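Chains as they are written, first to last, in the authors' numbering: chain G, 1 to 89; chain H, 1 to 89; chain I, 1 to 89; chain J, 1 to 39, 49 to 89; chain C, 104 to 299; chain B, 105 to 299; chain D, 104 to 299; chain A, 109 to 299; chain E, 113 to 299; chain F, 8 to 264. Backbone N, C-alpha and C fix where the C-beta goes; we use that ideal spot for every residue, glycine too. This report concerns only the one structure given below.
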Amino acid sequence: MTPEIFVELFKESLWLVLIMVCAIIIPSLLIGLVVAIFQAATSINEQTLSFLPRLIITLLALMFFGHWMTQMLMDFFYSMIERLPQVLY
Amino acid sequence: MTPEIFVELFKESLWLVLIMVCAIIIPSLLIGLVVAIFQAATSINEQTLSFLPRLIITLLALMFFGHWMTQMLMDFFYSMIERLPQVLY
Amino acid sequence: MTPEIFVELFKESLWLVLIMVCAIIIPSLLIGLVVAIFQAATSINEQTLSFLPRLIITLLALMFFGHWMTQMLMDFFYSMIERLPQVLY
Amino acid sequence: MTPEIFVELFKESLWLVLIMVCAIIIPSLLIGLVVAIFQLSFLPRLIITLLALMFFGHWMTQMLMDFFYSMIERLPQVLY
Amino acid sequence: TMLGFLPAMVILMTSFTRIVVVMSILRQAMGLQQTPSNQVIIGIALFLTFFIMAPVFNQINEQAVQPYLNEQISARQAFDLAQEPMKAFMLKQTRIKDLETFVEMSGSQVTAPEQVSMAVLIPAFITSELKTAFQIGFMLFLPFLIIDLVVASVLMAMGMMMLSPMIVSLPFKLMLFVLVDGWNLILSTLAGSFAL
Amino acid sequence: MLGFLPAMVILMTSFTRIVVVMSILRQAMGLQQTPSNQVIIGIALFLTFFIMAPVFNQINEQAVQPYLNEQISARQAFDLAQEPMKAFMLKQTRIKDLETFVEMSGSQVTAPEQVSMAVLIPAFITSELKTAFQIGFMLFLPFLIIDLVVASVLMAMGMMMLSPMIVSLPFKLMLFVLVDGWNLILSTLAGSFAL
Amino acid sequence: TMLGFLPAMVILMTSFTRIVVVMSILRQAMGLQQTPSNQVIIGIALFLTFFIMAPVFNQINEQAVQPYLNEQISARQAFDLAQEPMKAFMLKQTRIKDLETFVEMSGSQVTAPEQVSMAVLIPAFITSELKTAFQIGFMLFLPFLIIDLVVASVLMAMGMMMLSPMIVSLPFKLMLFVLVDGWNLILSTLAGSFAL
Amino acid sequence: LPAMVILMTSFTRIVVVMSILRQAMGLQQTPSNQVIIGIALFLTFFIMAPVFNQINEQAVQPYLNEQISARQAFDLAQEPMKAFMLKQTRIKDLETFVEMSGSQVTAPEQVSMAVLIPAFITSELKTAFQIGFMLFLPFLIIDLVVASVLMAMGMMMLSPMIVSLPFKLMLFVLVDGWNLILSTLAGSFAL
Amino acid sequence: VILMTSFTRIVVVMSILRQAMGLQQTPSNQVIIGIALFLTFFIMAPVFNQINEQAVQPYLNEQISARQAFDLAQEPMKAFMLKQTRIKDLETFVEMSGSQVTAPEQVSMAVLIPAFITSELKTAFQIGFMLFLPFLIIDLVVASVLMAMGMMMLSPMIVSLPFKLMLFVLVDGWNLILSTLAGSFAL
Amino acid sequence: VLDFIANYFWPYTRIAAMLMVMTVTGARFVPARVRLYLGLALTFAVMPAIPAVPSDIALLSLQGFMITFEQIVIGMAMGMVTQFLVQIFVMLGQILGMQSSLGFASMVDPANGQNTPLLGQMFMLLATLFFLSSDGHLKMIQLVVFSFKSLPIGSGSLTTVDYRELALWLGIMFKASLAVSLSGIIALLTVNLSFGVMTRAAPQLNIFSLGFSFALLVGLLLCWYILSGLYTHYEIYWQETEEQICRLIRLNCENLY
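In structure tokens:
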């Protein structure tokens, strides 16, 4: 019911978002990096070569982090529902 | 209804997406890569050279893998409904 | 209505795409190839040199093959309508 | 209404695109050719493109306005 | 309560929802934000239906409505007579394969299909329509997609990676659709798909 | 009260589940309101009369037949109609939602058949919509599989533009008709009930 | 029960559709996505249709509304009075091949296209208006597509690959639009298409 | 015109929370505004049951056995509905509307119903737009996550307001959603 | 009636600007309609003054009949619009309605309005071209700087939008264009 | 009998017209019956603080329609400012999104294309909460109350100089959205230049090699950072949008809330 408690409540959600997006992307980031390095090593200049492995790694990570992410977000939604009465008053 | 039956039901579709995509694309990646190897062996620096050869295979495979793909996805959609009553309750 | 009439009818559209695309594009590949060979023999490291003659070719082909292409695609649409009633029932 | 009146009407638009783009790019083409014969080559390649723009702009817009007007003219015969 | 849902049922008992879905799949197929009006779609479909169901409306008005001018009966004839012609109509379009499920799950298994309850045929008629509508769609859709694939490919061939191949490819689709007489063939096939 | 009775009485049925499911499907196909609201609220309205046939017949025999012959009405007939509705809905709600609402209402129950309608319904709707979303997600995924593969083959060739939501419509329609679509779907939506 | 459908008939009865369709194709042609321009399209086409049907609307007024002072009549030769001039008008803008592929579907053959059933001309009138409109659209579209191709091509040629040739083509699309005096010709051409 | 009475209740809050939810996950014109009006008209009968009981078993039936002035029934029923609101309205809203009324700042449980109504509805709207937006926020986490993951591999075009709707529904049902959302709205009323 | 006003031109200029920024639908078309509706009163105010003076007060002072007052009300509106329409464009439509007139003042309402709207759209585009000019210039110059660097991880539109903003507000932005939409209607 | 509605129509119209636009009530999520019965109830409450409407002005007469419009104008005007308020943050959101490359479909294609109002849709929640946490709507209603005593019924309306100042607000919105987001914008741009350096190192790295990864990350991170002290700027701009409404209904500011 305070302005600061709302902004705190939202920075929480943004932190959740950011950690999720890093968890998912950083594998894609590293795999794109290494495939680009392999490109520049032999001067193989191709644009969408690096779309197969990056997509593959993103799918594999979605398989991998499938449970931790949903558990995190569900915990967050639970905490949200816990905070409602104090928001009423 | 469980946080586990919906994670596994998820992993199924993710695995389908993975296998479909790789089956379609690996020929395209391979032909593009050999085109780039030929470019390097010929000092050729072209950007959209490896498009047509890559779309040729990306299409030929989609006709060669047509029935297998539509059968696999169809069978999946079928299994998405046999378990429908078990999950509704 | 059968899984094979819709996959073979689909092969037909994909075949159309393939033949139209290769008709329009192969000359562009030829001009791009010879331009890159020209650069390499002349030790010319230019990127968008090729685009002008290559665009010339693909815009010439759109007028060389125009009537044939719009005839092919029209006939295809016609065969689609013709075979529709044998698929509806 | 006939396929051929639509195919030719399209071929002419393509001819326009071709003759228009070349008038613009050929100077960049030639300057790039010479500078590469010497060999950076983009900022000059932009200068000369702007120069060709300011040079041939009146003729380009005139040609396109002519094409628009002719398009308008051959319309009622195609409608019916 | 039977005031705001009548427009959604009096149309659906008819062979109306097919042309709607067909023309609405086309309306997106053109690579083109709607541009007939939604009202245009509904109106061309409304008139196509008043045109197709003429054997049935000519029987509704003739056997039930005009007999209900002298009225000849206290509102009982039309409630019971208007049902058989529509049932005989839909039953020619309802697949038997789709009806088999809708009867065995209703329980009242009748040998004579025309003796099925109206509330069992209608839901069998709808699930049979949308299947036909989607078939006709996937038939009519493919050419407009061949154009788009070939256009996007030829564009990518020069490196024109950003040209948004949905502006440049609209003239080609509209050209093709004009060449083939378009609607004349289309709105005859839908008129011809209602084998009655 | 007339401004709500249409929405009040339609909710006692399984209308909402069919509505939400067909809506999720309509958006799964990516179709921008192609079967308009007057299409979906019509089809899901018909499937109600198809499903609620037993309940409706018992209503007519035990309420409308007594109302046309005027045995007793508007006091006893309304109550007699209240019964089979509870019989139907009560067989479809989960236990957990019902105990939740009955502990919330403060009035304690010993026989689940003996919840008042005003506490029965609000537990039915929550146990219906939850099933509706479960079904919807369970029907959705196969379509999503179609989108993400299409939306990846394009980028594999370089075609950043050309929204898959235009090139992946034919695949989805072919799939949907090959699996017979509205046959299997509308049967499970009709077989899910205990009625 | 017709509070939703009726609003769609009035625009189909008149030739409101063609202007909307062509100008909405043109709106996408400019690459200009505006719900504001989308809304004002209705206003433009609406007042154009006012100006166009001023002869027919004024004649219908003189035949019905001015007599509707004493009104002399009720709904028998008053409705069928107004039914006539609209049928005369639409008939001059439809094709004949379109109308004959429809009357054959109706089966109600008439020796006189003037004595044609209203419920088959309008379904033939719309397939004709849409075809004429798509023709006009493919006519008007080409110069803008040429602008787009030239723009993307020079951008790609100079090397600016990643730049989107859709945010920069719009100023030149407006230049070419105004240099041709814009709507003044276009609407004129549209008014030329409805040659009575 | 009578629909103010139902809107004097805890009706406008549930309507708003459900409307924020329907729009939280992609869905537009999914279950029609008529449907959510229905769900709210039911949750209100479930919540306000003690109030309607105070009304019925204390003023309604004795009015069918009238032995009283008809307006006395409203007078004795004007009080419990009042007492219900006074447990919900904020203090700031009440004092500010006492100011705005021009009447002197008098003790609570004493101000007329006419000042109570809008002070009640504005407090309800405040509570509702907060509850919903804190239930909204999670369903937006998923949207941002999936849109970012898309943009990661790219594809630039797959409208993330549908490719996320499966995740939204799965995650809304994994918490059972309604047995938490429709319950807390019933537990958010001490009366 | 809102079309008889200038709002038609105003909102089109608004949306032209919106898309120029590269920030699509960011000013919330509801808000755009609001601001454009408010300008219309800042533009039409002198006109509405005369509209009130001519018959409104006299009609309320019972100095003119109903239909006569209504006919008088359109006059200053016609005069105002006649200074915005173009000669050729008004000519096309007055001919296309057939019934020619000697004085443009004597042209009918329902036939001046259409020629008015197209004449307004044309000049609106004439304005909007000027509006796109600086923004397109900025996009081009930033893209060219990037290409001289040639880094390609730039996507000059997304890196150019901040420059579009820091160079719209830095030049006082809306105040200048507003002044043009005020000076554009030299009544 | 008791045709009272004729006595208080104008104040109700001003109230509800202010309401149909105000960022909380006149938004969506609230069916029109709610807002209508809210406005109609407010009048009964402020019935004391409303001067007698000028009699002799029948509603079913031109004289009445002129003033009724002359109040709808004021009502729309009061709310549209608050709309500008929340749209400041909406623009903050859409700038920081389209800079993160999150919203990208409409930046490459301003046409129909595809829009992603996600971050903007979130920041609108903030601005609709800040306007609610600090009870904006109460102050906004009190201003309408005072309006019946500063811009009374039948005595004038906004003047021409008022509209012009009001239509300047679009410039104010762009100025505010930059004053708030400058820190994050500059940082994101510097990081994009770091990208450009690392890519000039080798021309292999393209939009489909490491496309937008660091862009998405830093765009979200600096957005979370801006979130930290965001209430302060909202407080400042609330003062401007409050004095501005004070300018319309003159009201002699610096006297009360």
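CB-CB under 7 angstroms to residue i, same chain, minus the five flanking residues each way: which ones, in chain order?
i                      : result
residue 181 of chain D : 167
Please state whether DSSP places residue i in a helix, a strand or coil.
i                      : result
residue 52 of chain J  : helix
residue 225 of chain E : helix
residue 32 of chain G  : helix
residue 260 of chain F : coil
residue 198 of chain D : coil
residue 61 of chain G  : helix
residue 271 of chain A : coil
Using a Cβ-Cβ distance under 9 angstroms, would residue i count as near chain D?
i                      : result
residue 115 of chain F : yes
residue 243 of chain F : no
residue 238 of chain E : yes
Please check if any C-beta of chain A sits within less than 9 angstroms of the C-beta of residue i.
i                      : result
residue 76 of chain H  : no
residue 128 of chain B : yes
residue 44 of chain F  : yes
residue 251 of chain B : yes
Which same chain residues end up closer than 6 angstroms to residue i when comparing Cβ atoms and leaving out the 5 residues on each side of it in sequence?
i                      : result
residue 100 of chain F : 126, 127, 130
residue 268 of chain D : 254, 255, 258
residue 95 of chain F  : 180, 183, 184
Using beta carbons (cut-off 9 angstroms, strictly below), is residue i in contact with chain B?
i                     : result
residue 20 of chain I : no
residue 17 of chain H : yes
Answer yes or no: does any C-beta atom of chain G fall closer than 9 angstroms to that of residue i?
i                      : result
residue 231 of chain B : no
residue 230 of chain F : yes
So, does the CB of residue i fall closer than 9 angstroms to a CB anywhere in chain J?
i                     : result
residue 60 of chain C : Residue 60 of chain C is absent from the structure shown; chain C starts at 104 and stops at 299.
With a cut-off of 9 angstroms, does the C-beta of residue i fall near any C-beta of chain C?
i                     : result
residue 85 of chain J : no
Residue i CB to nearest chain F CB: under 9 angstroms?
i                      : result
residue 136 of chain D : yes
residue 322 of chain D : Coverage of chain D is limited to positions 104 through 299, which leaves residue 322 of chain D absent and any answer about it impossible.
Looking at residue i and the ligand SAH, is the gap between the Cβ and the nearest heavy atom below 8 angstroms?
i                      : result
residue 276 of chain C : The ligand SAH is not part of the structure shown, which contains no ligands of any sort.
Under 8 angstroms Cβ to Cβ from residue i, same chain only, skipping five residues before and after it: list those, please.
i                      : result
residue 211 of chain D : 220, 223
residue 226 of chain C : 205
Any beta carbon from chain H within less than 9 angstroms of residue i's own beta carbon?
i                     : result
residue 38 of chain I : no
### Any 3 or more C-beta pairs closer than 8 angstroms across the segment 107 to 115 of chain D and the segment 245 to 265 of chain D
no
### Query
What residues from the segment 48 to 80 of chain I come within 7 angstroms of chain D, judged by C-beta to C-beta, listed N to C?
48, 51, 52, 55
### Task
Determine which residues of the segment 199 to 212 of chain B have a Cβ less than 9 angstroms from any Cβ of chain A, and write them out in chain order.
200, 201, 204, 205, 208, 209, 210, 211
### Task
Pull out every residue of the segment 261 to 279 of chain A whose Cβ sits closer than 8 angstroms to any Cβ of chain H, in chain order.
278
### Message
Is it the case that the segment 35 to 42 of chain H contacts the segment 50 to 69 of chain H, given that we only count it when at least three CB pairs across the two stretches are under 8 angstroms?
### Response
yes
### Task
For the segment 19 to 30 of chain G and the segment 260 to 280 of chain A, state whether three or more C-beta atom pairs, one from each stretch, are separated by less than 8 angstroms.
Touching, yes.
### Task
With 7 angstroms as the C-beta to C-beta threshold (strictly closer), list the residues of the segment 143 to 165 of chain A near chain F in chain order.
none
### Message
Would the segment 279 to 288 of chain B count as touching the segment 118 to 126 of chain C if we require 3 or more Cβ pairs under 8 angstroms?
### Response
no
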